[PDB]
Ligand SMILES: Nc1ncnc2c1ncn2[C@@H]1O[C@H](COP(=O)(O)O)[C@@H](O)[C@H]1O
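Next up: a single chain in structure tokens, the form solved without the named molecule.
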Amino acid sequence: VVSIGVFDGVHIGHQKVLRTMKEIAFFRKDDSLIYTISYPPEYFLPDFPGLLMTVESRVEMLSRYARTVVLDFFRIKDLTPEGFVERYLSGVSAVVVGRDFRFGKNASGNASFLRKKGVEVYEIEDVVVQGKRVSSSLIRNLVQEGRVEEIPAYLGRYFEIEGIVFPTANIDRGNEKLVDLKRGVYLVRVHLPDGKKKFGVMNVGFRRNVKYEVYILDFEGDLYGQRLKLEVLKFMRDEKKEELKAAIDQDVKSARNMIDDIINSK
């Protein structure tokens, strides 16, 4: 059995599709395969907010469920529905996909067409959270609106910023087109290498481009070439205008405060 989609973020509505896949694969006495389409069609249009994560990170998470295969957008956008099935679904008796699933040139290949080729299609219904249908768009919009506290209910975890490298470690997220947080300051959990975990105050601001710098608390050292994973827990204050050190001393102050708060929350 094969599930097919982009799965950017691998939010709870995706976890739905994938848990139903494994179930279905069990009662069909079949293997499990995840086909993750590298980029959605909108990824190319000018106003795309950007992906919640790199394709590589997404694959790491998808692989936690089943063998994962990346379908290259460039390699499949031009195929006809027939060609798609012939090249990617030979010997596949069933695919699991979200509602309104489409594929092939001009989105002419749908679940209906797949059935006409004798492939059973398990159309999974969207998961709704607080009257809203979970999705990458919705979650992508919160990231932009800096509404980070509101994310878990849709993503299954805190939105993350991942990359390399008062002082402040500048996070280079890579060359993928990733979504950007509302410019401003954030309270973040920092996963350093060696399982280490420290809190941090992260500022997000211009340089078009966006920059990610974090002041990690209770930690000197340098991560210059290392990779960091940041959990964006809370939005503190919007970006500002050299009394810098002042505010970036109260952010760090408010930080300890919220942190000691979480701690007493035994």
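Numbers for residues come from their place in the sequence shown, where the first is 1. The term rigid core refers to the maximal set of C-alpha atoms that superpose within 1.5 Å between the two forms.
Core superposition of the other structures onto this form places the C-alphas of 166-174 farther off in 5 other deposited structures of this protein than those of the other stretch among 135-143 and 166-174. Checked against the other entries of this protein, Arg207 counts as unresolved in at least one third of those spanning it.
According to the record, 10 or more deposited residues between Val165 and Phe166 are left without atomic coordinates. In this entry, no coordinate-free residues of the deposited sequence separate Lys29 from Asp30. Comparing 166-174 with 119-127, the stretch with the higher mean C-alpha B-factor in the PDB entry is 166-174. Between 242-250 and 14-22, the higher mean Cα B-factor belongs to 242-250.
Highest C-alpha temperature factor among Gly156, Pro81, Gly146, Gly91, as the PDB entry reports it: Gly91. Within the group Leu71, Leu187, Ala111, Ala107, the record's highest C-alpha temperature factor is found at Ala111. The PDB entry assigns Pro193 a C-alpha temperature factor belonging to the highest third of its chain's modelled residues. Among the modelled residues of the chain, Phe219 sits in the highest third by CA temperature factor in this PDB entry. Per the deposited record, the Cα B-factor of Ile263 falls in the middle third when ranked against the other modelled residues of its chain. Among all modelled residues in this chain, the alpha-carbon of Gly200 has a temperature factor (C-alpha) in the middle third. The PDB entry assigns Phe206 a C-alpha temperature factor belonging to the highest third of its chain's modelled residues.
Omitted from view is the form deposited with the named molecule bound, to which the following refers.
Taking the pose of the named molecule in the deposited complex and superimposing the nearby C-alphas onto this chain, the site is blocked, with at least three ligand atoms within 2.4 Å of backbone or C-beta atoms. Residues within 4.5 angstroms of the named molecule in the deposited complex, judged by any non-hydrogen atom, belong to 131-139 and to none of the other stretches in 109-117, 73-81, 131-139, 155-163. Taking the partner from elsewhere, no residue among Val188, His191 and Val232 has a non-hydrogen atom within 4.5 angstroms of the named molecule in the deposited complex.
Interface residue remark: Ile151 is not counted as part of the site for the named molecule in the deposited complex, having no heavy atom within 4.5 Å. Put simply, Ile124 is close to the named molecule in the deposited complex: some heavy atom of it is within 4.5 Å. Using a 4.5 angstroms threshold between heavy atoms, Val17 counts as touching the named molecule in the deposited complex. Proximity of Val1 to the named molecule in the deposited complex: non-hydrogen atoms within 4.5 Å are absent; the residue sits far from the partner. Out of the listed residues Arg99, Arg87, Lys177, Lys105, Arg99 is the one that sits within 4.5 Å of the named molecule in the deposited complex by at least one heavy atom.
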